[PDB]
Every structure is written in C-alpha cells, then in structure tokens.
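> Below is the file start-v9.txt, which contains compact mmCIF, C-alpha atoms and all ligand atoms.
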```
# COMPACT_ATOMS: atom_id res chain seq x y z
CA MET G 1 49.16 178.27 94.80
CA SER G 2 47.00 176.37 92.31
CA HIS G 3 47.93 172.69 92.15
CA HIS G 4 47.88 171.54 88.52
CA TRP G 5 46.29 168.10 88.22
CA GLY G 6 47.40 165.37 85.83
CA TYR G 7 50.65 164.28 87.47
CA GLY G 8 51.74 162.53 90.65
CA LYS G 9 55.49 162.28 91.24
CA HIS G 10 54.89 161.77 94.97
CA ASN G 11 52.12 159.27 94.20
CA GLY G 12 54.75 157.05 92.60
CA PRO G 13 57.12 155.73 95.32
CA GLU G 14 55.50 153.69 98.09
CA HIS G 15 57.00 151.95 101.12
CA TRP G 16 55.89 150.32 104.37
CA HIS G 17 56.39 153.50 106.40
CA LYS G 18 54.91 155.62 103.60
CA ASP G 19 51.89 153.30 103.62
CA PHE G 20 50.84 153.66 107.26
CA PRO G 21 50.62 157.00 109.14
CA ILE G 22 53.47 155.83 111.39
CA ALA G 23 56.10 158.08 109.82
CA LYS G 24 53.59 160.74 108.77
CA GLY G 25 52.67 161.15 112.43
CA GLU G 26 55.67 160.68 114.71
CA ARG G 27 54.67 161.48 118.29
CA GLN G 28 57.37 159.36 119.93
CA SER G 29 58.19 161.58 122.91
CA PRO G 30 58.06 160.32 126.54
CA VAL G 31 56.71 163.00 128.88
CA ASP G 32 55.20 163.19 132.37
CA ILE G 33 51.44 163.73 132.55
CA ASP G 34 50.41 167.03 134.14
CA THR G 35 47.01 167.48 135.77
CA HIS G 36 47.48 171.22 136.30
CA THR G 37 47.83 171.85 132.56
CA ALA G 38 45.14 169.30 131.70
CA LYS G 39 41.87 170.59 130.23
CA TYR G 40 38.31 169.29 130.61
CA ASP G 41 36.90 167.98 127.32
CA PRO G 42 33.21 166.88 127.51
CA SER G 43 33.37 166.00 123.80
CA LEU G 44 33.42 162.27 124.54
CA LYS G 45 30.17 160.32 124.84
CA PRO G 46 29.25 159.54 128.50
CA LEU G 47 28.66 155.82 128.99
CA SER G 48 28.35 153.28 131.80
CA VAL G 49 30.97 150.57 132.32
CA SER G 50 30.32 147.10 133.74
CA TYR G 51 32.33 145.13 136.30
CA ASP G 52 29.94 143.10 138.45
CA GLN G 53 30.86 139.73 136.95
CA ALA G 54 34.59 140.51 136.93
CA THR G 55 36.31 137.65 138.75
CA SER G 56 39.67 135.85 138.75
CA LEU G 57 40.29 132.10 138.60
CA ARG G 58 44.03 131.63 139.21
CA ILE G 59 47.48 133.20 139.00
CA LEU G 60 50.39 131.77 137.00
CA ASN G 61 54.00 132.99 137.14
CA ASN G 62 56.51 133.17 134.30
CA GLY G 63 59.54 132.54 136.49
CA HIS G 64 59.93 136.26 137.14
CA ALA G 65 56.73 138.14 136.29
CA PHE G 66 53.14 137.01 136.72
CA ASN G 67 49.74 138.27 135.56
CA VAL G 68 46.22 137.80 136.92
CA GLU G 69 43.88 135.70 134.78
CA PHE G 70 40.13 136.21 134.44
CA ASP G 71 37.19 134.15 133.15
CA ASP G 72 36.51 135.56 129.68
CA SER G 73 33.83 132.88 129.33
CA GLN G 74 31.42 135.52 130.65
CA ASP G 75 30.71 139.26 130.65
CA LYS G 76 33.10 140.36 133.41
CA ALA G 77 33.85 144.02 132.74
CA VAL G 78 33.69 146.20 129.63
CA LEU G 79 34.83 149.75 128.87
CA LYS G 80 33.09 152.20 126.53
CA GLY G 81 32.93 155.93 125.90
CA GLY G 82 34.14 158.40 123.29
CA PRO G 83 34.47 158.31 119.47
CA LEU G 84 35.48 154.64 119.73
CA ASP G 85 33.93 152.29 117.16
CA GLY G 86 33.82 149.34 119.54
CA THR G 87 33.78 148.39 123.22
CA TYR G 88 37.00 147.32 124.95
CA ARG G 89 37.23 144.09 126.96
CA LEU G 90 39.83 143.32 129.64
CA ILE G 91 41.51 139.93 130.09
CA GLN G 92 44.53 140.29 132.41
CA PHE G 93 46.90 142.77 134.06
CA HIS G 94 50.16 142.96 136.03
CA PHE G 95 51.97 145.36 138.38
CA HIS G 96 55.47 146.85 138.16
CA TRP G 97 57.91 147.57 140.99
CA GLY G 98 60.39 150.26 142.04
CA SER G 99 64.08 150.43 142.92
CA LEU G 100 63.52 152.83 145.82
CA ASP G 101 61.83 152.02 149.13
CA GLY G 102 59.25 154.74 148.55
CA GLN G 103 58.69 155.28 144.84
CA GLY G 104 59.55 153.90 141.42
CA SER G 105 56.69 153.75 138.92
CA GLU G 106 56.70 153.93 135.12
CA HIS G 107 55.11 157.29 134.30
CA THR G 108 54.54 160.28 136.58
CA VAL G 109 51.24 162.15 136.77
CA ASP G 110 50.64 165.56 138.34
CA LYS G 111 54.42 165.93 138.66
CA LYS G 112 54.16 163.08 141.17
CA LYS G 113 55.53 159.53 141.06
CA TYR G 114 54.11 156.32 142.54
CA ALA G 115 55.75 153.09 143.72
CA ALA G 116 53.91 150.68 141.42
CA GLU G 117 51.16 150.63 138.79
CA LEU G 118 48.78 148.14 137.15
CA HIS G 119 48.92 147.36 133.44
CA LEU G 120 45.54 146.39 132.01
CA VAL G 121 45.71 145.50 128.32
CA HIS G 122 42.46 145.48 126.35
CA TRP G 123 41.52 144.86 122.71
CA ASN G 124 38.47 146.03 120.76
CA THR G 125 36.28 142.94 120.45
CA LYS G 126 34.38 144.69 117.66
CA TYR G 127 37.27 143.93 115.32
CA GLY G 128 37.33 140.33 116.52
CA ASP G 129 40.87 140.10 117.84
CA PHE G 130 43.99 142.23 118.27
CA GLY G 131 45.13 140.70 114.99
CA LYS G 132 42.49 142.67 113.11
CA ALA G 133 42.83 145.69 115.40
CA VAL G 134 46.55 146.16 114.70
CA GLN G 135 45.45 146.68 111.09
CA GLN G 136 44.35 150.17 112.10
CA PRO G 137 45.58 152.90 114.53
CA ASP G 138 42.33 153.23 116.48
CA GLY G 139 42.02 149.44 116.58
CA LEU G 140 43.32 148.33 119.98
CA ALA G 141 44.02 150.57 122.98
CA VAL G 142 45.86 150.13 126.27
CA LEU G 143 44.54 151.17 129.69
CA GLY G 144 47.10 152.51 132.16
CA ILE G 145 46.23 152.04 135.82
CA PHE G 146 48.22 153.59 138.67
CA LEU G 147 48.63 152.55 142.31
CA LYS G 148 49.08 154.86 145.31
CA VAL G 149 50.49 153.94 148.73
CA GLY G 150 48.21 154.51 151.71
CA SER G 151 49.73 152.25 154.37
CA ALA G 152 46.14 151.32 155.16
CA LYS G 153 45.38 147.66 154.42
CA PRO G 154 41.81 147.58 152.99
CA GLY G 155 41.27 144.15 154.52
CA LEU G 156 43.70 142.01 152.53
CA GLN G 157 45.02 139.95 155.44
CA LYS G 158 44.15 136.73 153.62
CA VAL G 159 45.80 138.05 150.46
CA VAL G 160 49.07 138.13 152.41
CA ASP G 161 48.69 134.55 153.66
CA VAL G 162 48.24 133.11 150.17
CA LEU G 163 51.25 135.15 149.06
CA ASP G 164 53.58 133.13 151.27
CA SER G 165 52.76 130.33 148.83
CA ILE G 166 54.30 132.08 145.82
CA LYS G 167 57.62 132.94 147.46
CA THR G 168 59.58 131.81 144.39
CA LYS G 169 58.83 132.61 140.75
CA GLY G 170 57.86 129.87 138.32
CA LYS G 171 54.97 128.43 140.33
CA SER G 172 51.22 129.01 140.39
CA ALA G 173 48.24 128.92 142.75
CA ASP G 174 44.51 128.63 142.07
CA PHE G 175 42.69 131.65 143.47
CA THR G 176 39.13 132.57 142.49
CA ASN G 177 36.40 134.84 143.85
CA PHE G 178 38.40 138.07 143.66
CA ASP G 179 36.99 141.53 144.39
CA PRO G 180 38.78 144.01 142.07
CA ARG G 181 35.75 146.31 142.15
CA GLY G 182 36.02 146.81 145.89
CA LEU G 183 38.94 149.11 145.12
CA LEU G 184 37.90 150.29 141.65
CA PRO G 185 35.25 153.08 141.50
CA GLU G 186 32.75 153.68 138.69
CA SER G 187 35.13 156.27 137.21
CA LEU G 188 33.27 158.67 134.91
CA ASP G 189 35.90 161.23 133.90
CA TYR G 190 39.61 160.63 133.31
CA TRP G 191 42.62 162.16 131.55
CA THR G 192 44.16 160.67 128.41
CA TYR G 193 47.37 160.59 126.36
CA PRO G 194 47.15 158.83 122.95
CA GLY G 195 50.14 158.26 120.69
CA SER G 196 52.80 155.66 119.90
CA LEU G 197 55.54 153.75 121.72
CA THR G 198 58.95 155.18 122.62
CA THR G 199 60.53 152.98 119.96
CA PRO G 200 61.32 153.79 116.28
CA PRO G 201 58.30 154.43 113.97
CA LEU G 202 56.82 150.95 113.58
CA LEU G 203 53.32 150.75 115.03
CA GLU G 204 50.86 153.21 116.58
CA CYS G 205 48.09 150.77 117.51
CA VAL G 206 48.60 151.57 121.19
CA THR G 207 46.89 154.25 123.29
CA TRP G 208 47.81 155.42 126.79
CA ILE G 209 44.87 156.14 129.10
CA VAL G 210 44.97 157.39 132.70
CA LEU G 211 42.17 157.32 135.28
CA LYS G 212 41.79 160.21 137.74
CA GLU G 213 40.92 157.62 140.39
CA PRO G 214 43.90 155.20 140.71
CA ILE G 215 43.48 152.00 142.72
CA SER G 216 44.74 152.37 146.29
CA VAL G 217 47.24 149.88 147.72
CA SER G 218 48.81 149.48 151.16
CA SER G 219 52.59 149.52 151.65
CA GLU G 220 52.17 146.22 153.49
CA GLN G 221 51.12 144.51 150.26
CA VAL G 222 54.42 145.38 148.58
CA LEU G 223 56.41 144.99 151.81
CA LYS G 224 56.08 141.24 151.29
CA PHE G 225 57.38 141.29 147.72
CA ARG G 226 60.48 143.14 148.92
CA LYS G 227 61.64 139.94 150.61
CA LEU G 228 60.82 137.85 147.54
CA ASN G 229 63.33 137.03 144.80
CA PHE G 230 63.51 138.68 141.38
CA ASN G 231 63.52 135.28 139.65
CA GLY G 232 63.36 132.18 141.84
CA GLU G 233 65.26 131.44 145.05
CA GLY G 234 69.00 130.89 145.09
CA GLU G 235 69.88 134.26 143.59
CA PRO G 236 71.54 137.29 145.29
CA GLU G 237 69.12 139.46 147.27
CA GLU G 238 67.99 141.88 144.55
CA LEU G 239 64.85 143.90 143.85
CA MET G 240 62.30 142.42 141.43
CA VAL G 241 61.82 145.85 139.86
CA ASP G 242 62.47 146.15 136.12
CA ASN G 243 59.90 148.55 134.69
CA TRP G 244 61.56 151.97 134.51
CA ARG G 245 60.63 154.46 131.80
CA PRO G 246 61.94 158.03 131.15
CA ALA G 247 59.71 161.03 130.39
CA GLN G 248 61.67 164.30 130.48
CA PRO G 249 59.30 167.27 129.87
CA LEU G 250 60.18 169.44 126.88
CA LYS G 251 57.47 172.05 127.40
CA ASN G 252 54.00 170.49 127.38
CA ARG G 253 51.55 173.20 126.32
CA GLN G 254 48.21 171.43 126.75
CA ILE G 255 47.32 167.76 127.25
CA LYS G 256 44.07 166.15 126.10
CA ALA G 257 41.87 164.82 128.90
CA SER G 258 38.22 163.99 129.55
CA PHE G 259 38.60 165.37 133.07
CA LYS G 260 39.63 168.88 134.09
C1 LIG K 301 56.30 143.05 123.62
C2 LIG K 301 56.01 143.51 125.02
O1 LIG K 301 54.88 143.46 125.45
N1 LIG K 301 57.02 143.97 125.80
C3 LIG K 301 56.77 144.40 127.12
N2 LIG K 301 55.79 144.03 127.74
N3 LIG K 301 55.25 144.63 128.42
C4 LIG K 301 56.51 145.05 129.06
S1 LIG K 301 56.62 145.90 130.60
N4 LIG K 301 55.07 146.18 131.13
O2 LIG K 301 57.19 144.98 131.52
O3 LIG K 301 57.16 147.17 130.29
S2 LIG K 301 58.03 144.36 127.94
ZN ZN K 302 53.52 146.51 132.34
```
Would you mind writing the file's structure down as structure tokens?

Amino acid sequence: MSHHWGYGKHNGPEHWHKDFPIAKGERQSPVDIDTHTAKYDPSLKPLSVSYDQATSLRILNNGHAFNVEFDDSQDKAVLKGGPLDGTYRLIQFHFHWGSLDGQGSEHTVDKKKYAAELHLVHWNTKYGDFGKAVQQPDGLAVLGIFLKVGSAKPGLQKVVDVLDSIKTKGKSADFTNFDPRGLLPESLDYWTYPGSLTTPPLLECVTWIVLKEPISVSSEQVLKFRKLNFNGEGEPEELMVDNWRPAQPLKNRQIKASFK
C-alpha cells in the first residue's frame, strides 16, 4: 500500500491529452435531462441577475442562420451565482428548428421534447476574453435556453410584420428597442448539466445549463418560418431545421441541479 518515493515512471511521458484533464475526465455521453430524478442543491450562492438595459440593435443573417446582436457598449444583462470565479456576460443567441410540425428540439428535458430552443453563448469577462477562458475548464460556460409552444401570441404582431422583410437568407434589417425581459423571468433556481461536447476528447471548456423557466413562444411565430427557405429563395421547399442531437439514456442515477 505504501508508495515509495524517489521515482516517477508515470511522471516521465507527457502529451497534450495527458496535460489537460480532457482524457482524465471523459464525460462524453449525450443523455436527456430528467426533472423527476433531479435533486435540489442549495450549495450554490444565491445572487441577483441584471437585464434592464438588455436591448438589441439589429439582426444579420449568414445566408442560412442568423443571430440577434446586442449593444455590449453598456451593462445589458449579467449572470452570476455559484462557485464561479467571475460573472458571465451575454452577447448574442440564436434558435434552432425541427423537422416535425410539432416538435424537434436539440435536447429533451423531463422526458419531454420541444420544437425549438434558444442558444445563448456567454464568456467569463473576468478572464478578459474566451481566449483566456479556454485555457481552463471552468473558464467559459454556455447557457442553454429552451422554448415551449403555447399558441398564444404574447403581443408580437409587429414582430411578424418585420419578418416578412427577411423572407430570404443573406439579408439584414435594423431592429432596436427589443423586450427580451418581457418573456424572461428573474429565474432564481435552475437545473444544470456540466461536462464536455459529444466529440472526441479535445476540450471541456463548455458547460450546459438549463433554466426551469423556459421562454414561451407562440406557434404563430414559427408558423411564418415554415414558409421561409432553408437558404435563400430558388431552392426546393425544404425545412430550415438542422440542429438535431441524440441523447439515448443509459441509466441516469442522479443529475446535479440547483432546483429540485
Ligand atoms: C464551432 C461551432 O460553434 N459549431 C456549431 N455551432 N454551433 C452549432 S449549432 N447550434 O447549430 O449546433 S455548429
Ligand atoms: Zn445553437
């Protein structure tokens, strides 16, 4: 049992994978999030998030997929809470689509699947930029937002009118004075699921968070995109969906979460 000191055969060879805890901690395993098995963990530090200045300026398309831009020139919204060593700022996000006329999201929570979901990427500003954050595992994290269908337009009539302007991909339209808070609650507690990507052991500087209060969206909002092209006009009528991800459950004993 006693480990004789003075040697170090294992302390000799050193590689890229052997350097970072990427290979030493392989958690690459896609699985559906379960709320029933989730457990409340009040270990995190309760904090208050901001989002009063949060506002958009315009929306640019990439000829297929577009993301919403925000004015980082001010203190829009910031996230904080837990053993984190720095606050997380948000810059932009996008939404995925589905192949079915009822559902088709990336991950599935509470053994349930949604039609679409928002993808808000954030980077710890404490480390300066994502470039310095990627240098460590707990550097930069990713927030995963989900969207549920309610068929009840929360007063987005105008949002549908401006949409007729971006019928084809590759164009843009200036749109400021957005109200993303009108649908986003304070959100105190929320489940979590840290780990790495579903790709070979390379990087683990990505965390997967999930809020217990997903942003609600009407089926009428996506009913307009259904008629839109998947990449500019002139192409065969096909769905713009292209964000499918597997997650077969092996067993799932207990999942970490800040909320019960
Ligand atoms: C390098 C990289 O970011 N790749 C992906 N981007 N996000 C993707 S998604 N949300 O469409 O799955 S492809
Ligand atoms: Zn995405």
> Just want the residues within 8 Å of ligand LIG 301 (chain K), written as number ranges by chain, counting only C-alpha atoms and all ligand atoms.
G: 94-96, 119, 242-244
> Near stretch 177-180 of chain G, counting only C-alpha atoms, which residues have an atom at most 12 Å away, once you skip same-chain residues fewer than 2 positions from it, shown as an mmCIF file with C-alpha atoms, keeping the file's coordinate frame?

```cif
data_model
loop_
_atom_site.group_PDB
_atom_site.id
_atom_site.type_symbol
_atom_site.label_atom_id
_atom_site.label_comp_id
_atom_site.auth_asym_id
_atom_site.auth_seq_id
_atom_site.Cartn_x
_atom_site.Cartn_y
_atom_site.Cartn_z
ATOM 1 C CA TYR G 51 32.330 145.130 136.300
ATOM 2 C CA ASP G 52 29.940 143.100 138.450
ATOM 3 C CA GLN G 53 30.860 139.730 136.950
ATOM 4 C CA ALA G 54 34.590 140.510 136.930
ATOM 5 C CA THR G 55 36.310 137.650 138.750
ATOM 6 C CA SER G 56 39.670 135.850 138.750
ATOM 7 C CA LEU G 57 40.290 132.100 138.600
ATOM 8 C CA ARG G 58 44.030 131.630 139.210
ATOM 9 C CA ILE G 59 47.480 133.200 139.000
ATOM 10 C CA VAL G 68 46.220 137.800 136.920
ATOM 11 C CA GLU G 69 43.880 135.700 134.780
ATOM 12 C CA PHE G 70 40.130 136.210 134.440
ATOM 13 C CA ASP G 71 37.190 134.150 133.150
ATOM 14 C CA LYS G 76 33.100 140.360 133.410
ATOM 15 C CA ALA G 77 33.850 144.020 132.740
ATOM 16 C CA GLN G 92 44.530 140.290 132.410
ATOM 17 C CA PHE G 93 46.900 142.770 134.060
ATOM 18 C CA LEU G 118 48.780 148.140 137.150
ATOM 19 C CA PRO G 154 41.810 147.580 152.990
ATOM 20 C CA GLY G 155 41.270 144.150 154.520
ATOM 21 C CA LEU G 156 43.700 142.010 152.530
ATOM 22 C CA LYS G 158 44.150 136.730 153.620
ATOM 23 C CA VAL G 159 45.800 138.050 150.460
ATOM 24 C CA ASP G 174 44.510 128.630 142.070
ATOM 25 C CA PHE G 175 42.690 131.650 143.470
ATOM 26 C CA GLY G 182 36.020 146.810 145.890
ATOM 27 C CA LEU G 183 38.940 149.110 145.120
ATOM 28 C CA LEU G 184 37.900 150.290 141.650
ATOM 29 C CA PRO G 185 35.250 153.080 141.500
ATOM 30 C CA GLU G 186 32.750 153.680 138.690
ATOM 31 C CA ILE G 215 43.480 152.000 142.720
ATOM 32 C CA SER G 216 44.740 152.370 146.290
ATOM 33 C CA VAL G 217 47.240 149.880 147.720
#
```
> Which residue out of G:255, G:133, G:79, G:222 has the minimum interatomic distance to residue G:101 when all atoms listed in the file are used?
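Distance minimum relative to residue G:101 lands on G:222.
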> With only C-alpha atoms as the basis for distance, which of G:86, G:239, G:138, G:47 is at the shortest distance from residue G:196?
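Checking each of G:86, G:239, G:138, G:47 against residue G:196, counting only C-alpha atoms, the winner is G:138.
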> Tell me, in Å to one decimal, how far atom CA of residue G:31 is from atom CA of residue G:110.
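Going from atom CA of residue G:31 over to atom CA of residue G:110 covers 11.5 Å.
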> Would you compute, for all listed atoms of stretch 44-53 of chain G, the axis-aligned bounding box grown by 3 Å on each side, and then report its centre and edge lengths in Å rounded to one decimal, as JSON?

```
{"center_x": 30.9, "center_y": 151.0, "center_z": 131.5, "size_x": 11.1, "size_y": 28.5, "size_z": 19.9}
```
> Tell me which protein, DNA and RNA residues are within 7 Å of residue G:211, counting only C-alpha atoms, leaving out same-chain ones fewer than 6 positions away, and put them as a PyMOL selection string.
chain G and resi 145+190-191
> Have a look at atom CA of residue G:78 and atom CA of residue G:213 and let me know their distance in Å, one decimal.
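The value is 17.3 Å.
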> Between G:43, G:35, G:105, G:62, which is the closest to ligand ZN 302 (chain K) once you count all atoms listed in the file?
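Smallest distance to ligand ZN 302 (chain K) is found for G:105.
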> Between atom CA of residue G:99 and atom CA of residue G:223, what is the distance, to one decimal in Å?
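Taking atom CA of residue G:99 as the start and atom CA of residue G:223 as the end point, the length is 12.9 Å.
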> Quick one: everything within 10 Å of residue G:226, counting all atoms listed in the file, minus sequence neighbours fewer than 5 positions away in the same chain. Send it as a PDB file with C-alpha atoms, in the coordinates of the input.

```pdb
ATOM      1  CA  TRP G  97      57.910 147.570 140.990  1.00  0.00           C
ATOM      2  CA  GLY G  98      60.390 150.260 142.040  1.00  0.00           C
ATOM      3  CA  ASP G 101      61.830 152.020 149.130  1.00  0.00           C
ATOM      4  CA  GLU G 220      52.170 146.220 153.490  1.00  0.00           C
ATOM      5  CA  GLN G 221      51.120 144.510 150.260  1.00  0.00           C
ATOM      6  CA  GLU G 237      69.120 139.460 147.270  1.00  0.00           C
ATOM      7  CA  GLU G 238      67.990 141.880 144.550  1.00  0.00           C
ATOM      8  CA  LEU G 239      64.850 143.900 143.850  1.00  0.00           C
ATOM      9  CA  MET G 240      62.300 142.420 141.430  1.00  0.00           C
ATOM     10  CA  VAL G 241      61.820 145.850 139.860  1.00  0.00           C
TER      11      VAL G 241
END
```
> Let me make sure I understand: among G:126, G:107, G:9, G:113, which one has the smallest atom-to-atom distance to ligand ZN 302 (chain K) if we use only C-alpha atoms and all ligand atoms?
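Smallest distance to ligand ZN 302 (chain K) is found for G:107.
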> Between G:144, G:19, G:157, G:260, which has the minimum distance to ligand ZN 302 (chain K) (counting only C-alpha atoms and all ligand atoms)?
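The shortest atom-to-atom distance to ligand ZN 302 (chain K) comes from G:144.
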> Using only C-alpha atoms and all ligand atoms, which residue out of G:214, G:234, G:66, G:141 lies closest to ligand ZN 302 (chain K)?
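Counting only C-alpha atoms and all ligand atoms, the residue closest to ligand ZN 302 (chain K) is G:66.
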